[PDB]
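Each chain gets a letter, A, B and so on, in the order its sequence line appears, and its residues count up from 1. Atom set for the values below is all heavy atoms of this structure, side chains included, hydrogens, waters and symmetry mates excluded.
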Amino acid sequence: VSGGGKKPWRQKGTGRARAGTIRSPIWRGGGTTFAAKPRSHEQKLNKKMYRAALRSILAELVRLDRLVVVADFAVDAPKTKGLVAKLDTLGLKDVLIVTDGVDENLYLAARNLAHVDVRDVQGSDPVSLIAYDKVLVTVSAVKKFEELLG
Amino acid sequence: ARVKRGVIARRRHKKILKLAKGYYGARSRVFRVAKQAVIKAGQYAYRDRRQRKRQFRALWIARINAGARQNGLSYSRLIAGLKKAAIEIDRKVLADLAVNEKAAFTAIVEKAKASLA
RNA sequence: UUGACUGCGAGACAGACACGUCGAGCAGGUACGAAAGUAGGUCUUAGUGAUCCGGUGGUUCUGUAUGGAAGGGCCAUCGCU
RNA sequence: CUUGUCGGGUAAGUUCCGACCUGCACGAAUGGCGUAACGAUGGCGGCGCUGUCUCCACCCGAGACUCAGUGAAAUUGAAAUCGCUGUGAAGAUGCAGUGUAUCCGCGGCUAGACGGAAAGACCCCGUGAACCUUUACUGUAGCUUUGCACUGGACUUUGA
RNA sequence: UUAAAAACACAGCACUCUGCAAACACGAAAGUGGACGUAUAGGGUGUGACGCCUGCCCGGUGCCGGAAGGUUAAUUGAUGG
RNA sequence: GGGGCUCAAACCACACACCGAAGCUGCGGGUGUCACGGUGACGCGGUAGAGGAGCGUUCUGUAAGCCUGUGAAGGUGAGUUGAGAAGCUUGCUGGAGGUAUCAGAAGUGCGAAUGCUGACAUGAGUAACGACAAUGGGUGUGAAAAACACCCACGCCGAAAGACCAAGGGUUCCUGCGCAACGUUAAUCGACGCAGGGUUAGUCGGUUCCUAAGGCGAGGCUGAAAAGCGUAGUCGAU
RNA sequence: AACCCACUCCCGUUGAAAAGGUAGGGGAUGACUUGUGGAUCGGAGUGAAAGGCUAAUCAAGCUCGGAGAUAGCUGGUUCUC
RNA sequence: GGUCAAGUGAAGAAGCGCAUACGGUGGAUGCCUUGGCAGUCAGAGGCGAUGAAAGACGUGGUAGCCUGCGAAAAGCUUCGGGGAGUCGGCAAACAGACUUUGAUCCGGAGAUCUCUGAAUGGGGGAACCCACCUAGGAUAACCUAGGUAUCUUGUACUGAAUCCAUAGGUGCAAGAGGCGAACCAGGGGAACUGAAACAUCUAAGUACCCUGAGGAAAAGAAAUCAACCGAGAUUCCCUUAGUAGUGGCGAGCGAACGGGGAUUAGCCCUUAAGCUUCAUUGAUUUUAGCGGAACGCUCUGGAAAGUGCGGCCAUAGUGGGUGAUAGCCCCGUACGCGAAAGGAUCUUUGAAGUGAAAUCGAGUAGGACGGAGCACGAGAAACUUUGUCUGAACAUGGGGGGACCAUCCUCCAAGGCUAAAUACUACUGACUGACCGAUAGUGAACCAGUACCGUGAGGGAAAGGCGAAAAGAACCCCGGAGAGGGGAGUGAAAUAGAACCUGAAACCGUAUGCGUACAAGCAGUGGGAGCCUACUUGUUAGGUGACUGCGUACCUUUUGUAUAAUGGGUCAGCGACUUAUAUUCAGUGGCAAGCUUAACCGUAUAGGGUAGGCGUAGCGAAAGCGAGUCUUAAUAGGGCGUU
Ligand SMILES: [Mg+2]
Ligand SMILES: [Mg+2]
Ligand SMILES: [Mg+2]
Ligand SMILES: [Mg+2]
Ligand SMILES: [Mg+2]
Ligand SMILES: [Mg+2]
Ligand SMILES: [Mg+2]
Ligand SMILES: [Mg+2]
Ligand SMILES: [Mg+2]
Ligand SMILES: [Mg+2]
Ligand SMILES: [Mg+2]
Ligand SMILES: [Mg+2]
Ligand SMILES: [Mg+2]
Ligand SMILES: [Mg+2]
Ligand SMILES: [Mg+2]
Ligand SMILES: [Mg+2]
Ligand SMILES: [Mg+2]
Ligand SMILES: [Mg+2]
Ligand SMILES: [Mg+2]
Ligand SMILES: [Mg+2]
Ligand SMILES: [Mg+2]
Ligand SMILES: [Mg+2]
Ligand SMILES: [Mg+2]
Ligand SMILES: [Mg+2]
Ligand SMILES: [Mg+2]
Ligand SMILES: [Mg+2]
Ligand SMILES: [Mg+2]
Ligand SMILES: [Mg+2]
Ligand SMILES: [Mg+2]
Ligand SMILES: [Mg+2]
Ligand SMILES: [Mg+2]
Ligand SMILES: [Mg+2]
Ligand SMILES: [Mg+2]
Ligand SMILES: [Mg+2]
Ligand SMILES: [Mg+2]
Ligand SMILES: [Mg+2]
Ligand SMILES: [Mg+2]
Ligand SMILES: [Mg+2]
Ligand SMILES: [Mg+2]
Ligand SMILES: [Mg+2]
Ligand SMILES: [Mg+2]
Ligand SMILES: [Mg+2]
Ligand SMILES: [Mg+2]
Ligand SMILES: [Mg+2]
Ligand SMILES: [Mg+2]
Ligand SMILES: [Mg+2]
Ligand SMILES: [Mg+2]
Ligand SMILES: [Mg+2]
Ligand SMILES: [Mg+2]
Ligand SMILES: [Mg+2]
Ligand SMILES: [Mg+2]
Ligand SMILES: [Mg+2]
Ligand SMILES: [Mg+2]
Ligand SMILES: [Mg+2]
Ligand SMILES: [Mg+2]
Ligand SMILES: [Mg+2]
Ligand SMILES: [Mg+2]
Ligand SMILES: [Mg+2]
Ligand SMILES: [Mg+2]
Ligand SMILES: [Mg+2]
Ligand SMILES: [Mg+2]
Ligand SMILES: [Mg+2]
Ligand SMILES: [Mg+2]
Ligand SMILES: [Mg+2]
Ligand SMILES: [Mg+2]
Ligand SMILES: [Mg+2]
Ligand SMILES: [Mg+2]
Ligand SMILES: [Mg+2]
Ligand SMILES: [Mg+2]
Ligand SMILES: [Mg+2]
Ligand SMILES: [Mg+2]
Ligand SMILES: [Mg+2]
Ligand SMILES: [Mg+2]
Ligand SMILES: [Mg+2]
Ligand SMILES: [Mg+2]
Ligand SMILES: [Mg+2]
Ligand SMILES: [Mg+2]
Ligand SMILES: [Mg+2]
Ligand SMILES: [Mg+2]
Ligand SMILES: [Mg+2]
Ligand SMILES: [Mg+2]
Ligand SMILES: [Mg+2]
Ligand SMILES: [Mg+2]
Ligand SMILES: [Mg+2]
Ligand SMILES: [Mg+2]
Ligand SMILES: [Mg+2]
Ligand SMILES: [Mg+2]
Ligand SMILES: [Mg+2]
Ligand SMILES: [Mg+2]
Ligand SMILES: [Mg+2]
Ligand SMILES: [Mg+2]
Ligand SMILES: [Mg+2]
Ligand SMILES: [Mg+2]
Ligand SMILES: [Mg+2]
Ligand SMILES: [Mg+2]
Ligand SMILES: [Mg+2]
Ligand SMILES: [Mg+2]
Ligand SMILES: [Mg+2]
Ligand SMILES: [Mg+2]
Ligand SMILES: [Mg+2]
Ligand SMILES: [Mg+2]
Ligand SMILES: [Mg+2]
Ligand SMILES: [Mg+2]
Ligand SMILES: [Mg+2]
Ligand SMILES: [Mg+2]
Ligand SMILES: [Mg+2]
Ligand SMILES: [Mg+2]
Ligand SMILES: [Mg+2]
Ligand SMILES: [Mg+2]
Ligand SMILES: [Mg+2]
Ligand SMILES: [Mg+2]
Ligand SMILES: [Mg+2]
Ligand SMILES: [Mg+2]
Ligand SMILES: [Mg+2]
Ligand SMILES: [Mg+2]
Ligand SMILES: [Mg+2]
Ligand SMILES: [Mg+2]
Ligand SMILES: [Mg+2]
Ligand SMILES: [Mg+2]
Ligand SMILES: [Mg+2]
Ligand SMILES: [Mg+2]
Ligand SMILES: [Mg+2]
Ligand SMILES: [Mg+2]
Ligand SMILES: [Mg+2]
Ligand SMILES: [Mg+2]
Ligand SMILES: [Mg+2]
Ligand SMILES: [Mg+2]
Ligand SMILES: [Mg+2]
Ligand SMILES: [Mg+2]
Ligand SMILES: [Mg+2]
Ligand SMILES: [Mg+2]
Ligand SMILES: [Mg+2]
Ligand SMILES: [Mg+2]
Ligand SMILES: [Mg+2]
Ligand SMILES: [Mg+2]
Ligand SMILES: [Mg+2]
Ligand SMILES: [Mg+2]
Ligand SMILES: [Mg+2]
Ligand SMILES: [Mg+2]
Ligand SMILES: [Mg+2]
Ligand SMILES: [Mg+2]
Ligand SMILES: [Mg+2]
Ligand SMILES: [Mg+2]
Ligand SMILES: [Mg+2]
Ligand SMILES: [Mg+2]
Ligand SMILES: [Mg+2]
Ligand SMILES: [Mg+2]
Ligand SMILES: [Mg+2]
Ligand SMILES: [Mg+2]
Ligand SMILES: [Mg+2]
Ligand SMILES: [Mg+2]
Ligand SMILES: [Mg+2]
Ligand SMILES: [Mg+2]
Ligand SMILES: [Mg+2]
Ligand SMILES: [Mg+2]
Ligand SMILES: [Mg+2]
Ligand SMILES: [Mg+2]
Ligand SMILES: [Mg+2]
Ligand SMILES: [Mg+2]
Ligand SMILES: [Mg+2]
Ligand SMILES: [Mg+2]
Ligand SMILES: [Mg+2]
Ligand SMILES: [Mg+2]
Ligand SMILES: [Mg+2]
Ligand SMILES: [Mg+2]
Ligand SMILES: [Mg+2]
Ligand SMILES: [Mg+2]
Ligand SMILES: [Mg+2]
Ligand SMILES: [Mg+2]
Ligand SMILES: [Mg+2]
Ligand SMILES: [Mg+2]
Ligand SMILES: [Mg+2]
Ligand SMILES: [Mg+2]
Ligand SMILES: [Mg+2]
Ligand SMILES: [Mg+2]
Ligand SMILES: [Mg+2]
Ligand SMILES: [Mg+2]
Ligand SMILES: [Mg+2]
Ligand SMILES: [Mg+2]
Ligand SMILES: [Mg+2]
Ligand SMILES: [Mg+2]
Ligand SMILES: [Mg+2]
Ligand SMILES: [Mg+2]
Ligand SMILES: [Mg+2]
Ligand SMILES: [Mg+2]
Ligand SMILES: [Mg+2]
Ligand SMILES: [Mg+2]
Ligand SMILES: [Mg+2]
Ligand SMILES: [Mg+2]
Ligand SMILES: [Mg+2]
Ligand SMILES: [Mg+2]
Ligand SMILES: [Mg+2]
Ligand SMILES: [Mg+2]
Ligand SMILES: [Mg+2]
Ligand SMILES: [Mg+2]
Ligand SMILES: [Mg+2]
Ligand SMILES: [Mg+2]
Ligand SMILES: [Mg+2]
Ligand SMILES: [Mg+2]
Ligand SMILES: [Mg+2]
Ligand SMILES: [Mg+2]
Ligand SMILES: [Mg+2]
Ligand SMILES: [Mg+2]
Ligand SMILES: [Mg+2]
Ligand SMILES: [Mg+2]
Ligand SMILES: [Mg+2]
Ligand SMILES: [Mg+2]
Ligand SMILES: [Mg+2]
Ligand SMILES: [Mg+2]
Ligand SMILES: [Mg+2]
Ligand SMILES: [Mg+2]
Ligand SMILES: [Mg+2]
Ligand SMILES: [Mg+2]
Ligand SMILES: [Mg+2]
Ligand SMILES: [Mg+2]
Ligand SMILES: [Mg+2]
Ligand SMILES: [Mg+2]
Ligand SMILES: [Mg+2]
Ligand SMILES: [Mg+2]
Ligand SMILES: [Mg+2]
Ligand SMILES: [Mg+2]
Ligand SMILES: [Mg+2]
Ligand SMILES: [Mg+2]
Ligand SMILES: [Mg+2]
Ligand SMILES: [Mg+2]
Ligand SMILES: [Mg+2]
Ligand SMILES: [Mg+2]
Ligand SMILES: [Mg+2]
Ligand SMILES: [Mg+2]
Ligand SMILES: [Mg+2]
Ligand SMILES: [Mg+2]
Ligand SMILES: [Mg+2]
Ligand SMILES: [Mg+2]
Ligand SMILES: [Mg+2]
Ligand SMILES: [Mg+2]
Ligand SMILES: [Mg+2]
Ligand SMILES: [Mg+2]
Ligand SMILES: [Mg+2]
Ligand SMILES: [Mg+2]
Ligand SMILES: [Mg+2]
Ligand SMILES: [Mg+2]
Ligand SMILES: [Mg+2]
Ligand SMILES: [Mg+2]
Ligand SMILES: [Mg+2]
Ligand SMILES: [Mg+2]
Ligand SMILES: [Mg+2]
Ligand SMILES: [Mg+2]
Ligand SMILES: [Mg+2]
């Protein structure tokens, strides 16, 4: 904090509490006692602890019927209303779509759709698989989980 | 995440100043003096629940003495006579009869007397 | 006459630690005594100073490319009112 | 030691002046002993003069006091803030016992509130600090000795 | 800005240093003062008008002079291992 | 301890009764440990300190949710619920935001540090109102006059408390209009507020010319660098 | 007398004043007093020498940096069971 | 009913206490934001003698200040954009005007650009004073435009002691000078502190001062390491490893070899890569802009974006603000187009220059003395460097391999140039935040490095919020043609009235109820009469509290405090166990004789990367041997270890 290099008054004789600087943490414009610095919040998770949690999540999604498996899922031309009609057939509104590779057309749609996210097998994290009400996966993506997760 | 103390500090000072209602001078309107007054008031109240039971037995015993000597007996001789015969009536109930039901107190004193005590 | 021996050491006493004290028995070599045996100093309890550093005598150790050497380690010992 | 002893000065003199010598512990350029003039310099004694004093009295102005206007300060845990004799962190408004006492101002005085003011300056402590001294220790500027360099020729004495 | 003095200065006195590019002082140095001076001058030290005077000690510690001998640095490198 | 106490209310023996603690018992609750399968048992004063379990504050996810102008946060009362930190429901005020639950992260909880900043008390309507030259009437103006203006008197300075240069200040100078603040009181007055105006040089003082102490200093000499000294020169009034 | 100074008493000590005032006091042609301009400063300057003075600061100025020096010492340390 | 006596004792408060209700003062809290803080990704990394950074003074229809400009002075000329309002802000009014014949506004290129400042014609107290020369123009007491500092380099002329020619002197050109937060390479270089004292040592070659360069700099192509096998310039990151060493062997300091990565590159002295500056060949960016979809009804309300009902748009759906909460109201957003003219970058091919030291390196390598650097403090002390003094060989030669010798191995010094990976941000743009939200965040949200303080260097504040919209209160009355109020009006609301959101506490008042003038002390609490209020009319709730039993504050520090021991006048706000990196133990998880990656790649929290670390074996000082091993003459004993 700027300033505060000298003693405000002499050590003895004035009848005032001892001071060494006007920029003390006890003073109005003084510094912060344990001021923060930019730091990192980033834990270590074992590669196998990460895979064990994914297996645990996927097993529970099957038990709760929150996983829907379909034979392929593609759309022609990027149009949000084209995808909305397709999802209405399956009766899904808040859904996470997982495919073995994110097509450009399927990514361009669902970009502006409110409660719909289009992810990838390696791009789907533990949080997203729990946050959405349903998970839609294709058989080609189901094979991909088996290879990655054993 | 900077936390401001204004709302919580004010709510805590008002709880103390509400218990200090009716106290004199600064004891009811400044926190530093009212905090000590509330603590000492609670110290006194804890001790005086013990003393309430002592002050009331002493009052019953003094009134039983006054009623027994009107029938020709002292307190210590009446208590020995009551224990000799049968009676387990409290000093609290006995002091009530000595003032309110004087004909019943006389009968008890006369029965305690007949136990030769 | 050299047991004021060399390697140890069951088991203890003391004790914050670092130090301290006693010791049967085994193995080598001895000395006295005919021999059983006794001897790991003195009737006992004081007579003392850590580590570092440097010196001296040994040594199945190490020895900065390799063979040596210097230097280091290990064992014995010297230098503090 | 000591207000040494003797003399003078006073009614009375631990101070003063003159001596004595037993100099605890004077002494000759860190000068010895004298000295006219000089000193807002130290000690003692007189004359004059006096409220310095016995012992204070009266008078005159400026405050203090009252009325109108403006309007501080240090201090402060909270106060319904008496005496005495005990007790007790050992000197009590506040505790015990006891005695006194209607409620509230104003002018005065300072005995107490261990009154206010300044984290005691005396004293001790801190493996505190500054500055000063020296034949404390360890160094250093300066001054000085010698070798080499800048730096040569000749003659002579002389050691190898 | 609690000490005006018996403290400091002083005229006078003495010792000592300095031959001029002076001794001495300020300057890493150039230079500057001393001094546009020159031993009747300049620096340091003590004492402190004037009068009468200033006694004994050179063992200690300084300073000055001496050079025979003893001890003695960098340097050099005989000898031995 | 006091009142008071004498075949005692003293002392020495003996006897019986009673009072007297948060001790013990009774009744109703809460907790710790252990055993058994909710009961039994014995525990539950506490500083330094060790161990266990919680409340509340701000921010992030849950949350593009839910609540909210038919009234959010905040403020101020009342009631009520827990062993506690605390929670909940409502009247009034307020006028636009809040955050259930379970997780995550901390600038996370003040009475003290002769603590820091702001506001306000006590002293107290008390001390003081700044040289003890000195003031008294009349008149005017004005809402208002001890203090302003004028007049009649009285006092004070006069080697100054009168005039004038320099330094320093910078509009304080004059005139209209004003009085909140400033003026240690009031003020119609002012070195105060607003707005206008006001300073005229061949001879006065500077500038220009000259130099002192001293400064700077081409080249130069010196110095790790920055720089020091200095010659020609050119600045510098008192 | 002016002018420079500061010996005594009293007042003042929250002062009219962070060193004054009234009444007395010393020097007053000199080692005098004073205006303007200039030079020397922080282990440095200047000092008729008191450790005095160097901007109300001096047994080593002020300012900003090393720097949040160090403090076996005082003080303080915030919700519940 | 009369007199007397004795007894008893309501009300009457100068003023105080408590409770409640209304105010005042004051500014907390809540909500808010034109201001800050920290990052990521880019940019471009300098400006200046063609006069900088920083300023003084001036400049407008009317006073000041801020912003912009400069005597052509809130502007002049040209291109490019647009498309109807405009004459900047605090900060409003009154005026005068401008214009679809294209204004204001935005971007590129020009013109003008006072005085001071490196300040440069000479001086000077910065914003001032005094000049000279050349060309042109006036006749009076000048005007206009150019020149005139110093040093270095090159060139022309000239010329002292002195013959020659040197020093020197004039004239031309070209360059430099000053400023800037950090980064870089050098010169000089502390102390506090730690070692629980302190000298060696540390702090530390840090702070600080000085000098040069650049957009980066520096270093760089083996007289290098290894170890008899090999590697192959420099720089940066992760390990080896807190190991080997070093050290009053104290406190401490601290490698290399060998591995894993980022980058990829060398070329010359028989004259090269490369780099500059021009001239050309193409491309890409930057300095401004243009288009940009889809909503109605109903209720409450001052006002719908909110309720209820039904639709539509999506490469545009958690943007901003509109009278309360909006994908469809406005500005935007995804996505598409764009440039008269400047800038920059990469790209061809032509020139000029440079690289450049000439020819392979001599006062050099080596040595002696004193220092410095290497992790290494003289130590067995190798290697680099140099203040003083010396001093070789020439490829059958020279350097190194940690004293030294021999043998091997490996390099060729005393001459040069060289990008990338690396460092930093005063400055510009965009985006982001489990950052702040007016005592916080920058000292600075506001006309802040200001006011103020100091001779100076320097130090350094306080101070935000009416309302949706000024609709900012016409008019009446009291008052000094006041201040301030009472009405009336505006507004949803003036107790939102300008010192204006909310409006807490300390502190100061007014009103009502009960208590208080014979009574002794931490002011409370156990008991408790009476009075007042409300309604359920008393086993009730609220307010007071006569009288009475007990009862010497809190914190700190102590063997011990009511202590007459310390601290606090009170209130509100703020104010003290944190963070990073290495570790050990416990709880809780994943894998398991194995576990785990670091830098770094990355389709980026995934996946890869197993270099490394720990474990599966110990004993010994070590060589070494190994379920054993060390000591010893000893398969004896003993220490440590093994199911
Ligand atoms: Mg600053
Ligand atoms: Mg400072
Ligand atoms: Mg203080
Ligand atoms: Mg301080
Ligand atoms: Mg300090
Ligand atoms: Mg502040
Ligand atoms: Mg701050
Ligand atoms: Mg702060
Ligand atoms: Mg990974
Ligand atoms: Mg989506
Ligand atoms: Mg806070
Ligand atoms: Mg009460
Ligand atoms: Mg009792
Ligand atoms: Mg009882
Ligand atoms: Mg023997
Ligand atoms: Mg034996
Ligand atoms: Mg034997
Ligand atoms: Mg025999
Ligand atoms: Mg030692
Ligand atoms: Mg070898
Ligand atoms: Mg050896
Ligand atoms: Mg005497
Ligand atoms: Mg005598
Ligand atoms: Mg006599
Ligand atoms: Mg006398
Ligand atoms: Mg006498
Ligand atoms: Mg005499
Ligand atoms: Mg004598
Ligand atoms: Mg004498
Ligand atoms: Mg003599
Ligand atoms: Mg003497
Ligand atoms: Mg004499
Ligand atoms: Mg005199
Ligand atoms: Mg004198
Ligand atoms: Mg005399
Ligand atoms: Mg006398
Ligand atoms: Mg009198
Ligand atoms: Mg009088
Ligand atoms: Mg009055
Ligand atoms: Mg008065
Ligand atoms: Mg007493
Ligand atoms: Mg007493
Ligand atoms: Mg008393
Ligand atoms: Mg008390
Ligand atoms: Mg008492
Ligand atoms: Mg008591
Ligand atoms: Mg009085
Ligand atoms: Mg008095
Ligand atoms: Mg008194
Ligand atoms: Mg006292
Ligand atoms: Mg006192
Ligand atoms: Mg202190
Ligand atoms: Mg003290
Ligand atoms: Mg000591
Ligand atoms: Mg000690
Ligand atoms: Mg000294
Ligand atoms: Mg010495
Ligand atoms: Mg020497
Ligand atoms: Mg010499
Ligand atoms: Mg004096
Ligand atoms: Mg005098
Ligand atoms: Mg004096
Ligand atoms: Mg003197
Ligand atoms: Mg001299
Ligand atoms: Mg002489
Ligand atoms: Mg002298
Ligand atoms: Mg003398
Ligand atoms: Mg003298
Ligand atoms: Mg003298
Ligand atoms: Mg003398
Ligand atoms: Mg001698
Ligand atoms: Mg002699
Ligand atoms: Mg001699
Ligand atoms: Mg009693
Ligand atoms: Mg009897
Ligand atoms: Mg009994
Ligand atoms: Mg009981
Ligand atoms: Mg009990
Ligand atoms: Mg029970
Ligand atoms: Mg108990
Ligand atoms: Mg307990
Ligand atoms: Mg949240
Ligand atoms: Mg409401
Ligand atoms: Mg909130
Ligand atoms: Mg509310
Ligand atoms: Mg909102
Ligand atoms: Mg939440
Ligand atoms: Mg905070
Ligand atoms: Mg803080
Ligand atoms: Mg904290
Ligand atoms: Mg805190
Ligand atoms: Mg506190
Ligand atoms: Mg507080
Ligand atoms: Mg506390
Ligand atoms: Mg105080
Ligand atoms: Mg403090
Ligand atoms: Mg406080
Ligand atoms: Mg304060
Ligand atoms: Mg008052
Ligand atoms: Mg008074
Ligand atoms: Mg008075
Ligand atoms: Mg008075
Ligand atoms: Mg006065
Ligand atoms: Mg008059
Ligand atoms: Mg008057
Ligand atoms: Mg006169
Ligand atoms: Mg006059
Ligand atoms: Mg005059
Ligand atoms: Mg002037
Ligand atoms: Mg002035
Ligand atoms: Mg005027
Ligand atoms: Mg005037
Ligand atoms: Mg007028
Ligand atoms: Mg008035
Ligand atoms: Mg005033
Ligand atoms: Mg006034
Ligand atoms: Mg006055
Ligand atoms: Mg005026
Ligand atoms: Mg001159
Ligand atoms: Mg000069
Ligand atoms: Mg020069
Ligand atoms: Mg001149
Ligand atoms: Mg003149
Ligand atoms: Mg004087
Ligand atoms: Mg007098
Ligand atoms: Mg006088
Ligand atoms: Mg004179
Ligand atoms: Mg004269
Ligand atoms: Mg003279
Ligand atoms: Mg004189
Ligand atoms: Mg003069
Ligand atoms: Mg001067
Ligand atoms: Mg100077
Ligand atoms: Mg100094
Ligand atoms: Mg000095
Ligand atoms: Mg002196
Ligand atoms: Mg001095
Ligand atoms: Mg002295
Ligand atoms: Mg000053
Ligand atoms: Mg001074
Ligand atoms: Mg010092
Ligand atoms: Mg440091
Ligand atoms: Mg400092
Ligand atoms: Mg400190
Ligand atoms: Mg300390
Ligand atoms: Mg201690
Ligand atoms: Mg203390
Ligand atoms: Mg403290
Ligand atoms: Mg009252
Ligand atoms: Mg009242
Ligand atoms: Mg009241
Ligand atoms: Mg760049
Ligand atoms: Mg440039
Ligand atoms: Mg101007
Ligand atoms: Mg201007
Ligand atoms: Mg203008
Ligand atoms: Mg301007
Ligand atoms: Mg022009
Ligand atoms: Mg156009
Ligand atoms: Mg110029
Ligand atoms: Mg010039
Ligand atoms: Mg030029
Ligand atoms: Mg000029
Ligand atoms: Mg020439
Ligand atoms: Mg430059
Ligand atoms: Mg820079
Ligand atoms: Mg350097
Ligand atoms: Mg450097
Ligand atoms: Mg160096
Ligand atoms: Mg040191
Ligand atoms: Mg130390
Ligand atoms: Mg220490
Ligand atoms: Mg020390
Ligand atoms: Mg040391
Ligand atoms: Mg030393
Ligand atoms: Mg060092
Ligand atoms: Mg350096
Ligand atoms: Mg540069
Ligand atoms: Mg370069
Ligand atoms: Mg540059
Ligand atoms: Mg450049
Ligand atoms: Mg680069
Ligand atoms: Mg380079
Ligand atoms: Mg290079
Ligand atoms: Mg090979
Ligand atoms: Mg290479
Ligand atoms: Mg050591
Ligand atoms: Mg390495
Ligand atoms: Mg390597
Ligand atoms: Mg553009
Ligand atoms: Mg558009
Ligand atoms: Mg649109
Ligand atoms: Mg667009
Ligand atoms: Mg929005
Ligand atoms: Mg609203
Ligand atoms: Mg919107
Ligand atoms: Mg609409
Ligand atoms: Mg070569
Ligand atoms: Mg060499
Ligand atoms: Mg050497
Ligand atoms: Mg060395
Ligand atoms: Mg050593
Ligand atoms: Mg070698
Ligand atoms: Mg050499
Ligand atoms: Mg070599
Ligand atoms: Mg070779
Ligand atoms: Mg070797
Ligand atoms: Mg090496
Ligand atoms: Mg080369
Ligand atoms: Mg770097
Ligand atoms: Mg960047
Ligand atoms: Mg606020
Ligand atoms: Mg602020
Ligand atoms: Mg501030
Ligand atoms: Mg000033
Ligand atoms: Mg000033
Ligand atoms: Mg209305
Ligand atoms: Mg309101
Ligand atoms: Mg309002
Ligand atoms: Mg609002
Ligand atoms: Mg308000
Ligand atoms: Mg209030
Ligand atoms: Mg009242
Ligand atoms: Mg009464
Ligand atoms: Mg009475
Ligand atoms: Mg009383
Ligand atoms: Mg009760
Ligand atoms: Mg009641
Ligand atoms: Mg009561
Ligand atoms: Mg009571
Ligand atoms: Mg009591
Ligand atoms: Mg009592
Ligand atoms: Mg305390
Ligand atoms: Mg004590
Ligand atoms: Mg004590
Ligand atoms: Mg004791
Ligand atoms: Mg006690
Ligand atoms: Mg107390
Ligand atoms: Mg007291
Ligand atoms: Mg005390
Ligand atoms: Mg006390
Ligand atoms: Mg104490
Ligand atoms: Mg106090
Ligand atoms: Mg704060
Ligand atoms: Mg564990
Ligand atoms: Mg595990
Ligand atoms: Mg074994
Ligand atoms: Mg074993």
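- At a threshold of 4.0 angstrom between heavy atoms, the contacts of A:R10 with the nucleic acid are absent.
- Of the candidates A:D103, A:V118, A:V139, A:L136, A:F73 forms a side-chain contact (heavy atoms from CB on, under 4.5 Å) with just one, namely A:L136.
- Interface remark: the B:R49 side chain does not form any donor-acceptor pair with the H:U525 base, using a distance-only criterion of under 3.5 Å.
- A donor-acceptor contact under 3.5 Å is not formed by the side chain of B:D48 with the base of H:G527.
- At least one side-chain nitrogen or oxygen of A:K12 sits closer than 4.0 Å to the OP1 or OP2 atom of D:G120.
- Among the heavy atoms of the strands, none lies under 4.0 Å from B:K53.
- Between the side chain of A:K47 and the base of H:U610, at least one donor-acceptor pair of N or O atoms lies under 3.5 Å.
- One cannot find a donor-acceptor pair under 3.5 Å joining the base of H:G526 and the side-chain atoms of B:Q51.
- Across all non-hydrogen atoms, the minimal contact from A:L106 to A:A110 is O-CB, 4.0 Å.
- Among the heavy atoms of the strands lying under 4.0 Å from B:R10 is at least one base atom, whether or not backbone atoms are also near.
- On the basis of its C1'-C2'-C3'-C4' angle being negative, H:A617 carries a south sugar.
- Base stacking between strand neighbours H:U583 and H:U584 is present, with six-membered ring centres closer than 5.5 Å and ring planes inclined by less than 30 degrees.
- Listed candidates were F:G111, H:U525, H:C591. Nearest to the side chain of B:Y44 is H:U525.
- Pairing status of H:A56 against H:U114: a Watson-Crick or G-U wobble pair, both distances under 3.5 Å.
- Remark: the bases of G:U46 and G:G52 meet in a Watson-Crick or G-U wobble pair, both edge contacts within less than 3.5 Å.
- A positive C1'-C2'-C3'-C4' angle places the sugar of D:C60 in the north (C3'-endo) family.
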